[PDB]
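K.L.:
So here's input_30.cif (mmCIF, C-alpha atoms and all ligand atoms; chains and numbers go by the auth columns).
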```cif
data_entry
loop_
_atom_site.group_PDB
_atom_site.id
_atom_site.type_symbol
_atom_site.label_atom_id
_atom_site.label_comp_id
_atom_site.label_asym_id
_atom_site.label_seq_id
_atom_site.Cartn_x
_atom_site.Cartn_y
_atom_site.Cartn_z
_atom_site.B_iso_or_equiv
_atom_site.auth_seq_id
_atom_site.auth_asym_id
ATOM 1 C CA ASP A 1 163.260 106.475 12.067 0.00 5 A
ATOM 2 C CA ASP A 2 160.706 108.536 14.051 0.00 6 A
ATOM 3 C CA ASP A 3 162.485 108.562 17.463 0.00 7 A
ATOM 4 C CA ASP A 4 165.432 110.257 15.758 0.00 8 A
ATOM 5 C CA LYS A 5 163.185 113.000 14.500 0.00 9 A
ATOM 6 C CA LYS A 6 162.244 113.578 18.138 0.00 10 A
ATOM 7 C CA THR A 7 165.815 113.338 19.360 0.00 11 A
ATOM 8 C CA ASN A 8 167.233 115.668 16.739 0.00 12 A
ATOM 9 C CA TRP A 9 164.516 118.166 17.456 0.00 13 A
ATOM 10 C CA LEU A 10 165.207 118.046 21.195 0.00 14 A
ATOM 11 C CA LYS A 11 168.897 118.343 20.409 0.00 15 A
ATOM 12 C CA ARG A 12 168.260 121.465 18.341 0.00 16 A
ATOM 13 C CA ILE A 13 165.701 122.981 20.712 0.00 17 A
ATOM 14 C CA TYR A 14 168.220 122.645 23.499 0.00 18 A
ATOM 15 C CA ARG A 15 171.105 124.169 21.537 0.00 19 A
ATOM 16 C CA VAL A 16 169.383 127.190 19.901 0.00 20 A
ATOM 17 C CA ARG A 17 167.704 128.813 22.937 0.00 21 A
ATOM 18 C CA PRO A 18 170.081 129.465 25.895 0.00 22 A
ATOM 19 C CA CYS A 19 169.301 130.584 29.415 0.00 23 A
ATOM 20 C CA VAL A 20 166.391 133.077 29.271 0.00 24 A
ATOM 21 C CA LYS A 21 168.364 135.235 31.749 0.00 25 A
ATOM 22 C CA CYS A 22 172.079 135.415 31.008 0.00 26 A
ATOM 23 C CA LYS A 23 171.342 134.570 27.376 0.00 27 A
ATOM 24 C CA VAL A 24 174.602 132.603 26.700 0.00 28 A
ATOM 25 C CA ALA A 25 174.842 129.587 29.069 0.00 29 A
ATOM 26 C CA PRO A 26 172.707 126.615 27.987 0.00 30 A
ATOM 27 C CA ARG A 27 169.686 125.709 30.127 0.00 31 A
ATOM 28 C CA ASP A 28 169.576 123.336 33.042 0.00 32 A
ATOM 29 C CA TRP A 29 167.592 120.183 32.385 0.00 33 A
ATOM 30 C CA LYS A 30 166.930 116.669 33.636 0.00 34 A
ATOM 31 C CA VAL A 31 165.211 113.399 32.725 0.00 35 A
ATOM 32 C CA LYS A 32 161.720 112.572 34.194 0.00 36 A
ATOM 33 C CA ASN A 33 161.793 108.912 33.072 0.00 37 A
ATOM 34 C CA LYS A 34 159.496 109.584 30.049 0.00 38 A
ATOM 35 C CA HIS A 35 160.344 113.266 29.424 0.00 39 A
ATOM 36 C CA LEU A 36 163.137 115.744 29.151 0.00 40 A
ATOM 37 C CA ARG A 37 162.553 118.785 31.324 0.00 41 A
ATOM 38 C CA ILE A 38 164.355 121.899 30.017 0.00 42 A
ATOM 39 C CA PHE A 39 164.512 124.551 32.789 0.00 43 A
ATOM 40 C CA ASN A 40 164.319 128.193 31.724 0.00 44 A
ATOM 41 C CA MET A 41 167.709 129.135 33.220 0.00 45 A
ATOM 42 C CA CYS A 42 171.160 127.596 33.638 0.00 46 A
ATOM 43 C CA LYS A 43 171.892 126.599 37.209 0.00 47 A
ATOM 44 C CA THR A 44 173.998 129.639 38.074 0.00 48 A
ATOM 45 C CA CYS A 45 171.375 132.188 37.007 0.00 49 A
ATOM 46 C CA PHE A 46 168.745 130.067 38.726 0.00 50 A
ATOM 47 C CA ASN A 47 170.351 130.113 42.187 0.00 51 A
ATOM 48 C CA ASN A 48 171.267 133.713 41.678 0.00 52 A
ATOM 49 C CA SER A 49 167.659 134.557 40.852 0.00 53 A
ATOM 50 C CA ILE A 50 166.731 133.225 44.267 0.00 54 A
ATOM 51 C CA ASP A 51 169.383 135.299 46.041 0.00 55 A
ATOM 52 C CA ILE A 52 168.198 138.453 44.308 0.00 56 A
ATOM 53 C CA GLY A 53 164.539 137.564 44.933 0.00 57 A
ATOM 54 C CA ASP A 54 163.368 137.485 41.303 0.00 58 A
ATOM 55 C CA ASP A 55 161.160 134.666 40.204 0.00 59 A
ATOM 56 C CA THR A 56 160.315 136.011 36.730 0.00 60 A
ATOM 57 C CA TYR A 57 162.252 133.327 34.906 0.00 61 A
ATOM 58 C CA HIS A 58 161.367 130.315 37.079 0.00 62 A
ATOM 59 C CA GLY A 59 159.930 127.393 35.096 0.00 63 A
ATOM 60 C CA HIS A 60 160.425 124.547 32.682 0.00 64 A
ATOM 61 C CA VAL A 61 159.145 122.895 29.500 0.00 65 A
ATOM 62 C CA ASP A 62 158.752 119.091 29.360 0.00 66 A
ATOM 63 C CA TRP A 63 159.407 117.226 26.167 0.00 67 A
ATOM 64 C CA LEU A 64 158.311 113.668 25.440 0.00 68 A
ATOM 65 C CA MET A 65 161.583 111.924 24.525 0.00 69 A
ATOM 66 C CA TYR A 66 159.899 109.478 22.107 0.00 70 A
ATOM 67 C CA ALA A 67 158.041 109.815 18.806 0.00 71 A
ATOM 68 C CA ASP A 68 155.141 107.727 20.018 0.00 72 A
ATOM 69 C CA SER A 69 152.869 108.200 23.133 0.00 73 A
ATOM 70 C CA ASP B 1 154.528 131.800 30.242 0.00 5 B
ATOM 71 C CA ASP B 2 155.801 128.213 29.767 0.00 6 B
ATOM 72 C CA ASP B 3 152.860 126.805 27.724 0.00 7 B
ATOM 73 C CA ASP B 4 153.579 129.473 25.110 0.00 8 B
ATOM 74 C CA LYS B 5 157.140 128.294 24.820 0.00 9 B
ATOM 75 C CA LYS B 6 155.695 124.876 23.993 0.00 10 B
ATOM 76 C CA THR B 7 153.094 126.271 21.628 0.00 11 B
ATOM 77 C CA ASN B 8 155.503 128.495 19.741 0.00 12 B
ATOM 78 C CA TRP B 9 157.911 125.629 19.389 0.00 13 B
ATOM 79 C CA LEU B 10 155.192 123.336 18.037 0.00 14 B
ATOM 80 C CA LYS B 11 154.115 126.148 15.746 0.00 15 B
ATOM 81 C CA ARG B 12 157.652 126.477 14.398 0.00 16 B
ATOM 82 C CA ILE B 13 158.345 122.741 14.224 0.00 17 B
ATOM 83 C CA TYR B 14 155.214 122.350 12.159 0.00 18 B
ATOM 84 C CA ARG B 15 156.015 125.212 9.780 0.00 19 B
ATOM 85 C CA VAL B 16 159.736 124.569 9.061 0.00 20 B
ATOM 86 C CA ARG B 17 159.668 120.866 8.084 0.00 21 B
ATOM 87 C CA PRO B 18 157.116 120.007 5.331 0.00 22 B
ATOM 88 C CA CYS B 19 156.007 116.638 4.037 0.00 23 B
ATOM 89 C CA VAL B 20 159.036 114.287 4.041 0.00 24 B
ATOM 90 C CA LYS B 21 157.915 113.145 0.558 0.00 25 B
ATOM 91 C CA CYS B 22 156.725 115.970 -1.675 0.00 26 B
ATOM 92 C CA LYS B 23 158.795 118.401 0.387 0.00 27 B
ATOM 93 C CA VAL B 24 156.437 121.441 0.000 0.00 28 B
ATOM 94 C CA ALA B 25 152.969 120.615 1.434 0.00 29 B
ATOM 95 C CA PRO B 26 152.792 120.836 5.240 0.00 30 B
ATOM 96 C CA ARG B 27 152.332 117.599 7.199 0.00 31 B
ATOM 97 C CA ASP B 28 149.094 115.988 8.228 0.00 32 B
ATOM 98 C CA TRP B 29 148.468 116.035 11.958 0.00 33 B
ATOM 99 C CA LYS B 30 145.809 115.596 14.620 0.00 34 B
ATOM 100 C CA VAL B 31 145.142 116.027 18.341 0.00 35 B
ATOM 101 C CA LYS B 32 145.369 112.970 20.716 0.00 36 B
ATOM 102 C CA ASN B 33 143.740 114.778 23.672 0.00 37 B
ATOM 103 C CA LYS B 34 147.122 115.397 25.417 0.00 38 B
ATOM 104 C CA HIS B 35 149.411 115.448 22.347 0.00 39 B
ATOM 105 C CA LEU B 36 149.806 116.765 18.864 0.00 40 B
ATOM 106 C CA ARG B 37 150.640 114.021 16.397 0.00 41 B
ATOM 107 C CA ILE B 38 152.544 115.317 13.339 0.00 42 B
ATOM 108 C CA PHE B 39 152.412 112.695 10.537 0.00 43 B
ATOM 109 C CA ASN B 40 155.442 112.430 8.260 0.00 44 B
ATOM 110 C CA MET B 41 153.498 113.207 5.062 0.00 45 B
ATOM 111 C CA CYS B 42 150.639 115.452 3.946 0.00 46 B
ATOM 112 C CA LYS B 43 147.457 113.533 3.261 0.00 47 B
ATOM 113 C CA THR B 44 147.824 113.436 -0.518 0.00 48 B
ATOM 114 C CA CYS B 45 151.324 111.931 -0.483 0.00 49 B
ATOM 115 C CA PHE B 46 150.179 109.560 2.244 0.00 50 B
ATOM 116 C CA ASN B 47 147.303 108.002 0.279 0.00 51 B
ATOM 117 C CA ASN B 48 149.437 108.031 -2.804 0.00 52 B
ATOM 118 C CA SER B 49 152.187 106.167 -0.969 0.00 53 B
ATOM 119 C CA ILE B 50 149.679 103.409 -0.336 0.00 54 B
ATOM 120 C CA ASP B 51 148.621 103.232 -3.986 0.00 55 B
ATOM 121 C CA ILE B 52 152.230 102.963 -5.108 0.00 56 B
ATOM 122 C CA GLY B 53 153.021 100.439 -2.356 0.00 57 B
ATOM 123 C CA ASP B 54 155.775 102.402 -0.590 0.00 58 B
ATOM 124 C CA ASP B 55 155.739 102.550 3.152 0.00 59 B
ATOM 125 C CA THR B 56 159.133 104.238 3.624 0.00 60 B
ATOM 126 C CA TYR B 57 157.664 107.480 4.895 0.00 61 B
ATOM 127 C CA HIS B 58 154.853 106.094 7.076 0.00 62 B
ATOM 128 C CA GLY B 59 154.934 107.402 10.656 0.00 63 B
ATOM 129 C CA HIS B 60 154.414 110.218 13.100 0.00 64 B
ATOM 130 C CA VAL B 61 155.958 112.183 15.971 0.00 65 B
ATOM 131 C CA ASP B 62 153.850 113.012 19.056 0.00 66 B
ATOM 132 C CA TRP B 63 154.350 116.252 20.889 0.00 67 B
ATOM 133 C CA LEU B 64 153.094 117.010 24.387 0.00 68 B
ATOM 134 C CA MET B 65 151.017 120.177 23.893 0.00 69 B
ATOM 135 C CA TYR B 66 151.783 121.530 27.393 0.00 70 B
ATOM 136 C CA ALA B 67 154.919 122.714 29.189 0.00 71 B
ATOM 137 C CA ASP B 68 154.238 120.539 32.196 0.00 72 B
ATOM 138 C CA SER B 69 153.682 116.701 32.411 0.00 73 B
HETATM 139 N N1 LIG C . 167.383 126.182 36.472 0.00 1 C
HETATM 140 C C1 LIG C . 166.110 126.631 36.568 0.00 1 C
HETATM 141 N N2 LIG C . 165.663 127.658 35.809 0.00 1 C
HETATM 142 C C2 LIG C . 164.404 128.117 35.892 0.00 1 C
HETATM 143 N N3 LIG C . 163.500 127.595 36.727 0.00 1 C
HETATM 144 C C3 LIG C . 163.792 126.563 37.561 0.00 1 C
HETATM 145 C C4 LIG C . 165.155 126.016 37.511 0.00 1 C
HETATM 146 N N4 LIG C . 165.205 125.019 38.404 0.00 1 C
HETATM 147 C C5 LIG C . 163.984 124.929 38.981 0.00 1 C
HETATM 148 N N5 LIG C . 163.129 125.845 38.494 0.00 1 C
HETATM 149 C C6 LIG C . 161.709 125.966 38.928 0.00 1 C
HETATM 150 O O1 LIG C . 161.583 126.024 40.362 0.00 1 C
HETATM 151 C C7 LIG C . 160.496 125.189 40.823 0.00 1 C
HETATM 152 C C8 LIG C . 160.955 123.981 41.665 0.00 1 C
HETATM 153 O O2 LIG C . 161.873 123.192 40.892 0.00 1 C
HETATM 154 P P1 LIG C . 161.912 121.584 40.956 0.00 1 C
HETATM 155 O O3 LIG C . 161.812 120.947 39.582 0.00 1 C
HETATM 156 O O4 LIG C . 163.006 121.221 41.935 0.00 1 C
HETATM 157 O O5 LIG C . 160.507 121.346 41.683 0.00 1 C
HETATM 158 P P2 LIG C . 160.528 120.473 43.025 0.00 1 C
HETATM 159 O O6 LIG C . 159.498 121.081 43.955 0.00 1 C
HETATM 160 O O7 LIG C . 161.977 120.314 43.456 0.00 1 C
HETATM 161 O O8 LIG C . 160.002 119.065 42.412 0.00 1 C
HETATM 162 P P3 LIG C . 160.911 118.176 41.404 0.00 1 C
HETATM 163 O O9 LIG C . 162.057 117.723 42.285 0.00 1 C
HETATM 164 O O10 LIG C . 159.995 117.073 40.924 0.00 1 C
HETATM 165 O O11 LIG C . 161.311 119.153 40.306 0.00 1 C
HETATM 166 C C9 LIG C . 159.813 124.765 39.536 0.00 1 C
HETATM 167 O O12 LIG C . 159.034 125.888 39.107 0.00 1 C
HETATM 168 C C10 LIG C . 160.948 124.705 38.557 0.00 1 C
HETATM 169 O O13 LIG C . 160.449 124.785 37.223 0.00 1 C
HETATM 170 N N1 LIG C . 149.790 111.361 6.561 0.00 2 C
HETATM 171 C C1 LIG C . 150.616 110.379 6.992 0.00 2 C
HETATM 172 N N2 LIG C . 151.940 110.396 6.718 0.00 2 C
HETATM 173 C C2 LIG C . 152.773 109.430 7.136 0.00 2 C
HETATM 174 N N3 LIG C . 152.358 108.382 7.854 0.00 2 C
HETATM 175 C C3 LIG C . 151.057 108.214 8.209 0.00 2 C
HETATM 176 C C4 LIG C . 150.099 109.243 7.781 0.00 2 C
HETATM 177 N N4 LIG C . 148.899 108.871 8.244 0.00 2 C
HETATM 178 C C5 LIG C . 149.064 107.704 8.911 0.00 2 C
HETATM 179 N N5 LIG C . 150.344 107.294 8.897 0.00 2 C
HETATM 180 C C6 LIG C . 150.824 106.055 9.569 0.00 2 C
HETATM 181 O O1 LIG C . 150.032 104.904 9.216 0.00 2 C
HETATM 182 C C7 LIG C . 149.740 104.098 10.381 0.00 2 C
HETATM 183 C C8 LIG C . 148.244 104.073 10.759 0.00 2 C
HETATM 184 O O2 LIG C . 147.794 105.418 10.981 0.00 2 C
HETATM 185 P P1 LIG C . 146.730 105.806 12.125 0.00 2 C
HETATM 186 O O3 LIG C . 147.230 106.919 13.028 0.00 2 C
HETATM 187 O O4 LIG C . 145.378 105.861 11.450 0.00 2 C
HETATM 188 O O5 LIG C . 146.797 104.451 12.974 0.00 2 C
HETATM 189 P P2 LIG C . 145.410 103.698 13.241 0.00 2 C
HETATM 190 O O6 LIG C . 145.703 102.214 13.179 0.00 2 C
HETATM 191 O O7 LIG C . 144.357 104.328 12.344 0.00 2 C
HETATM 192 O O8 LIG C . 145.158 104.180 14.771 0.00 2 C
HETATM 193 P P3 LIG C . 144.795 105.720 15.136 0.00 2 C
HETATM 194 O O9 LIG C . 143.422 105.903 14.521 0.00 2 C
HETATM 195 O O10 LIG C . 144.836 105.782 16.646 0.00 2 C
HETATM 196 O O11 LIG C . 145.896 106.530 14.465 0.00 2 C
HETATM 197 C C9 LIG C . 150.595 104.727 11.464 0.00 2 C
HETATM 198 O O12 LIG C . 151.933 104.269 11.235 0.00 2 C
HETATM 199 C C10 LIG C . 150.626 106.174 11.071 0.00 2 C
HETATM 200 O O13 LIG C . 151.739 106.824 11.681 0.00 2 C
HETATM 201 CL CL CL C . 157.214 116.476 23.072 0.00 3 C
HETATM 202 ZN ZN ZN C . 171.926 131.847 32.549 0.00 4 C
HETATM 203 ZN ZN ZN C . 153.610 115.649 0.632 0.00 5 C
#
```
What would the structure in this file look like if it were written as structure tokens?
Ligand SMILES: Nc1ncnc2c1ncn2[C@@H]1O[C@H](COP(=O)(O)OP(=O)(O)OP(=O)(O)O)[C@@H](O)[C@H]1O
Ligand SMILES: Nc1ncnc2c1ncn2[C@@H]1O[C@H](COP(=O)(O)OP(=O)(O)OP(=O)(O)O)[C@@H](O)[C@H]1O
Ligand SMILES: [Cl-]
Ligand SMILES: [Zn+2]
Ligand SMILES: [Zn+2]

P.N.:
Amino acid sequence: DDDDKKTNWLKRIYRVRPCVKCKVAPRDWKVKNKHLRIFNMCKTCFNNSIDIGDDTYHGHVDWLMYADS
Amino acid sequence: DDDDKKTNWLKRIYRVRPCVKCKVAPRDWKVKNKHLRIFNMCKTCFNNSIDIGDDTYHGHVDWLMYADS
């Protein structure tokens, strides 16, 4: 089934690349109806980044949650 | 840069999982303006599958080519 290829990929993608900043915590994310948005940083490092005034790691990557457009 | 996260993922995804059928050849694919469609099989195994009358591996997974929707 093709949706499971997509899901297992998104599963893996999420697991194998942690927060770009603290490098252990998994990333923050959310659902945009159609897509899964994986934020670069976990939530703690994100808020922290704002307190320290560093926006280098701010951003996200959206993934279509289905196999078909 | 967030588009490069997407591109390098799509790069990897394409490289590490070959034709579901012959298991060595890389998959057939094409661009759908917005998305990259990775077909399950290379083109040779695909046409062959039709000649032998087996549609088990027919299908594709679409990937948004950008980091942002
Ligand atoms: N945990 C996080 N790690 C890295 N970057 C983040 C994180 N959370 C938010 N950002 C970035 O901060 C900016 C604002 O985030 P957010 O997604 O809240 O946008 P917004 O203006 O609130 O609109 P929306 O509510 O639709 O997202 C975007 O660049 C987002 O990618
Ligand atoms: N190389 C391939 N490996 C596995 N499945 C394939 C391959 N090529 C096509 N298919 C599948 O065969 C069906 C038809 O393919 P195709 O993408 O040509 O659809 P279509 O009806 O031609 O419309 P479009 O031209 O928009 O794709 C779809 O299920 C497609 O996923
Ligand atoms: Cl995607
Ligand atoms: Zn972190
Ligand atoms: Zn093949």

K.L.:
Around ligand ZN 5 (chain C), which protein and nucleic acid residues have at least one atom no more than 9 Å from it, if we count all atoms listed in the file? List them as a PyMOL selection string.

P.N.:
chain B and resi 22-32+44-50

K.L.:
Expand the PyMOL selection byres (((chain A and resi 11) around 12) and not hetatm) into the individual residues it matches in the shown file, reporting them as a PyMOL selection string.

P.N.:
(chain A and resi 5-10+12-18+39-40+67-71) or (chain B and resi 65-67)

K.L.:
I'd like the interatomic distance between atom CA of residue B:54 and atom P3 of ligand LIG 2 (chain C), to a tenth of an Å.

P.N.:
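Taking atom CA of residue B:54 and atom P3 of ligand LIG 2 (chain C), their separation equals 16.4 Å.
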
K.L.:
Could you do a least-squares fit of chain A on chain B over every C-alpha atom, in sequence order, and give the output as a PDB file with C-alpha atoms, in the coordinates of the input?

P.N.:
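Saved file out35.pdb follows:
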```pdb
ATOM      1  CA  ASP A   5     154.528 131.800  30.241  1.00  0.00           C
ATOM      2  CA  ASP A   6     155.800 128.213  29.767  1.00  0.00           C
ATOM      3  CA  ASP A   7     152.860 126.805  27.723  1.00  0.00           C
ATOM      4  CA  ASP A   8     153.579 129.473  25.110  1.00  0.00           C
ATOM      5  CA  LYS A   9     157.140 128.294  24.820  1.00  0.00           C
ATOM      6  CA  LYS A  10     155.695 124.876  23.993  1.00  0.00           C
ATOM      7  CA  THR A  11     153.095 126.271  21.627  1.00  0.00           C
ATOM      8  CA  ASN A  12     155.503 128.495  19.741  1.00  0.00           C
ATOM      9  CA  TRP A  13     157.911 125.629  19.389  1.00  0.00           C
ATOM     10  CA  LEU A  14     155.192 123.336  18.038  1.00  0.00           C
ATOM     11  CA  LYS A  15     154.115 126.149  15.746  1.00  0.00           C
ATOM     12  CA  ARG A  16     157.652 126.477  14.399  1.00  0.00           C
ATOM     13  CA  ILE A  17     158.345 122.741  14.225  1.00  0.00           C
ATOM     14  CA  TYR A  18     155.215 122.349  12.159  1.00  0.00           C
ATOM     15  CA  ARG A  19     156.015 125.212   9.779  1.00  0.00           C
ATOM     16  CA  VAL A  20     159.736 124.569   9.062  1.00  0.00           C
ATOM     17  CA  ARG A  21     159.667 120.866   8.084  1.00  0.00           C
ATOM     18  CA  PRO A  22     157.116 120.007   5.331  1.00  0.00           C
ATOM     19  CA  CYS A  23     156.006 116.639   4.037  1.00  0.00           C
ATOM     20  CA  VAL A  24     159.035 114.287   4.041  1.00  0.00           C
ATOM     21  CA  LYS A  25     157.915 113.145   0.558  1.00  0.00           C
ATOM     22  CA  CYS A  26     156.725 115.969  -1.675  1.00  0.00           C
ATOM     23  CA  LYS A  27     158.795 118.401   0.387  1.00  0.00           C
ATOM     24  CA  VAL A  28     156.437 121.441   0.000  1.00  0.00           C
ATOM     25  CA  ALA A  29     152.969 120.615   1.434  1.00  0.00           C
ATOM     26  CA  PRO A  30     152.792 120.836   5.239  1.00  0.00           C
ATOM     27  CA  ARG A  31     152.332 117.599   7.199  1.00  0.00           C
ATOM     28  CA  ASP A  32     149.094 115.988   8.228  1.00  0.00           C
ATOM     29  CA  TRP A  33     148.468 116.035  11.958  1.00  0.00           C
ATOM     30  CA  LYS A  34     145.809 115.596  14.620  1.00  0.00           C
ATOM     31  CA  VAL A  35     145.142 116.027  18.341  1.00  0.00           C
ATOM     32  CA  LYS A  36     145.370 112.971  20.715  1.00  0.00           C
ATOM     33  CA  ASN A  37     143.740 114.778  23.671  1.00  0.00           C
ATOM     34  CA  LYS A  38     147.122 115.397  25.416  1.00  0.00           C
ATOM     35  CA  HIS A  39     149.411 115.448  22.346  1.00  0.00           C
ATOM     36  CA  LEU A  40     149.806 116.764  18.864  1.00  0.00           C
ATOM     37  CA  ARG A  41     150.640 114.021  16.397  1.00  0.00           C
ATOM     38  CA  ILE A  42     152.544 115.317  13.339  1.00  0.00           C
ATOM     39  CA  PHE A  43     152.412 112.695  10.537  1.00  0.00           C
ATOM     40  CA  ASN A  44     155.442 112.430   8.260  1.00  0.00           C
ATOM     41  CA  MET A  45     153.498 113.208   5.062  1.00  0.00           C
ATOM     42  CA  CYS A  46     150.639 115.452   3.946  1.00  0.00           C
ATOM     43  CA  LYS A  47     147.457 113.533   3.261  1.00  0.00           C
ATOM     44  CA  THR A  48     147.825 113.437  -0.518  1.00  0.00           C
ATOM     45  CA  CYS A  49     151.324 111.931  -0.483  1.00  0.00           C
ATOM     46  CA  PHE A  50     150.180 109.560   2.244  1.00  0.00           C
ATOM     47  CA  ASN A  51     147.303 108.002   0.279  1.00  0.00           C
ATOM     48  CA  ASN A  52     149.437 108.031  -2.804  1.00  0.00           C
ATOM     49  CA  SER A  53     152.187 106.167  -0.968  1.00  0.00           C
ATOM     50  CA  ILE A  54     149.679 103.409  -0.335  1.00  0.00           C
ATOM     51  CA  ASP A  55     148.621 103.232  -3.986  1.00  0.00           C
ATOM     52  CA  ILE A  56     152.229 102.962  -5.108  1.00  0.00           C
ATOM     53  CA  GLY A  57     153.021 100.439  -2.356  1.00  0.00           C
ATOM     54  CA  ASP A  58     155.775 102.402  -0.591  1.00  0.00           C
ATOM     55  CA  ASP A  59     155.739 102.550   3.152  1.00  0.00           C
ATOM     56  CA  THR A  60     159.133 104.238   3.624  1.00  0.00           C
ATOM     57  CA  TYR A  61     157.664 107.480   4.896  1.00  0.00           C
ATOM     58  CA  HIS A  62     154.853 106.094   7.076  1.00  0.00           C
ATOM     59  CA  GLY A  63     154.934 107.402  10.656  1.00  0.00           C
ATOM     60  CA  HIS A  64     154.414 110.218  13.100  1.00  0.00           C
ATOM     61  CA  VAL A  65     155.958 112.184  15.971  1.00  0.00           C
ATOM     62  CA  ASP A  66     153.850 113.012  19.056  1.00  0.00           C
ATOM     63  CA  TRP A  67     154.350 116.251  20.889  1.00  0.00           C
ATOM     64  CA  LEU A  68     153.094 117.010  24.387  1.00  0.00           C
ATOM     65  CA  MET A  69     151.018 120.177  23.893  1.00  0.00           C
ATOM     66  CA  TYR A  70     151.783 121.530  27.393  1.00  0.00           C
ATOM     67  CA  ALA A  71     154.919 122.714  29.189  1.00  0.00           C
ATOM     68  CA  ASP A  72     154.237 120.539  32.196  1.00  0.00           C
ATOM     69  CA  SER A  73     153.682 116.701  32.412  1.00  0.00           C
TER      70      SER A  73
END
```

K.L.:
By how many Å are atom CA of residue B:61 and atom CA of residue B:19 apart?

P.N.:
18.5 Å

K.L.:
What does the distance from atom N2 of ligand LIG 1 (chain C) to atom CA of residue A:51 come to in Å, to one decimal?

P.N.:
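We find that atom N2 of ligand LIG 1 (chain C) and atom CA of residue A:51 lie 8.3 Å from each other.
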
K.L.:
Please define a box with edges along x, y and z of the file around all atoms of stretch 43-58 of chain B given in the file, extend it by 3 Å on each side, and return its centre and edge lengths in Å to one decimal, as JSON.

P.N.:
```
{"center_x": 151.5, "center_y": 107.9, "center_z": 2.7, "size_x": 14.5, "size_y": 21.0, "size_z": 21.6}
```
